[PDB]
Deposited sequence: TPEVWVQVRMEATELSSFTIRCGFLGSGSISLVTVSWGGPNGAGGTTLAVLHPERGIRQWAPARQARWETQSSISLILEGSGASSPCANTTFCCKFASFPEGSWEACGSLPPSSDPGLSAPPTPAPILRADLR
């Protein structure tokens, strides 16, 4: 079964940078990635980023950086966010369909 992983971390000693990461382990190429903070994409969450493999990257506040990563995955950086905030990543892939998972900052 296809699986979507989501990881959000503070990867700097300055402790002022949220890093959102998510990827898709499937059998087809990605047609679109939608990233939302607070809930599922198009179902309560606030749209943060939309990524298309050819048409480019689309991002909204407070996304300072949204980019593709290797092996069917992406990364996102927030400006400045709370530790209990949930970030959801939905991958639309042919021919297997759409798949979504959510994650949050792990406890200290």
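Peer 1: Identify which parts of the deposited sequence carry no C-alpha coordinates, going from the N-terminal end onward.
Peer 2: In the chain as deposited, 81-85, 114-133 carry no coordinates.
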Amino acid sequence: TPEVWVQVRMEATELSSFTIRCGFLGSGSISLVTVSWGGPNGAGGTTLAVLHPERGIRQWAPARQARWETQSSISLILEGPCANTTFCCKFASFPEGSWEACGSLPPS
From here on, numbers count along this sequence of modelled residues.
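Peer 1: Give the stretch, out of 30-38 and 71-79, with the larger mean C-alpha temperature factor in the deposited entry.
Peer 2: Higher mean C-alpha B-factor: 71-79.
Peer 1: Determine, for stretches 20-28 and 6-14, which one has the higher mean CA B-factor as deposited.
Peer 2: That would be 6-14.
Peer 1: Split into thirds by Cα B-factor across the chain's modelled residues, where does residue 98 land: lowest, middle or highest?
Peer 2: Lowest third.
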